[PDB]
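Before any questions on binding or motion, here is one chain by itself as C-alpha cells, the form solved without 6-methylpyrimidine-2,4-diol (6MU).
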C-alpha cells in the first residue's frame, strides 16, 4: 500500500504512469511547477515526491538521490505504484571537446561502470533507453533550440576515481580506471554521470521505459568557466526539455 522508502501510495499518484526523476530533491518542486497543479506528496531521505498534471494527465516527479542504488529504489517503488515510464533529467559535464556548455545530451547507451545494473541483468546486457523515450527526448531537446548530442554516457558508481579525478584525498585511481577517461573519450563517450547505467539496465530488463537527458554545464576538456547566466539557462532548459519529452510520451 505505502512503499517503504518513498512514503507514497498509488492513490497519491492519481493514475500517473510517468515519472520525471531528477537526482536532487531540491529540483523536484521546480520541475513539478512547470506543469499544472503541482502537489507535494512526500519527502523522506533523498526522495522528494511531487505530483503534477501535464495536458490533463498526472505526472510524478521524484528525486532519486545520487547513484544507482538510491535510484533503483525510487524506480522500483514507483513501478509498484503503477509508474511505467521514467524520464531521467539533470545536468552533466561533457568529456568531448566538441560538446559545448548549453548543449543537450540524450543517452543512447550507458557504459556500465556501476554495480546496481548487475542486480537486474548481467554485464553483457545493454544499458539502453527505451526507443520511444530517447526519441521523445531528442525531439524535445532539439525543439528547445539547443545543440543535441545522441550518444553513449559513462555511468560511474563514483564521482571521483570512476571519472578518473586525481584532485582527491589519495590523489590516485585504481588500476581499472587509470587512463579510463582518455579511453572513453577515444570511444566517443560524451559524458560521465552516476545513475544512467542502473536506470537504463533496470528498466530495459523489467518492462519499464526509461531514458536520460542532460544539459551540459561544464566540459572537462575546456578550461573556460561557464558564467552563472549560462548555467541557469542550461538548468532551466534541461527541465523544460524533460517536461516536453514527457508530453510527447503521454497518450
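Residues that one form lacks are left out of the comparison. The term rigid core refers to the most C-alpha atoms you can superpose between the two forms while keeping them within 1.5 Å. Numbering follows the first chain given and starts at 1.
Beyond what is shown, the protein has a form solved in complex with 6-methylpyrimidine-2,4-diol (6MU); the following relates to that form.
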Every residue of 91, 165 and 218 near 6-methylpyrimidine-2,4-diol (6MU) in the bound PDB entry, heavy atom within 4.5 Å: yes
Partner proximity in the bound PDB entry: residue 159 to 6-methylpyrimidine-2,4-diol (6MU), non-hydrogen atom cutoff 4.5 Å: yes
4.5 Å heavy atom contact, residue 28 to 6-methylpyrimidine-2,4-diol (6MU) in the bound PDB entry: no
Contact flag, residue 194 vs 6-methylpyrimidine-2,4-diol (6MU) in the bound PDB entry, heavy atom cut 4.5 Å: yes
Interface segment, criterion being heavy atoms within 4.5 Å of 6-methylpyrimidine-2,4-diol (6MU) in the bound PDB entry, picked from 92-100, 79-87, 144-152, 131-139: 92-100
Displaced residue check between this form and the one not shown: residue 227, CA, 2 Å or over, core reference: yes
Stretches between this form and the one not shown where the CA atoms of at least 3 consecutive shared residues shift 2 Å or more, core fixed: 223-227
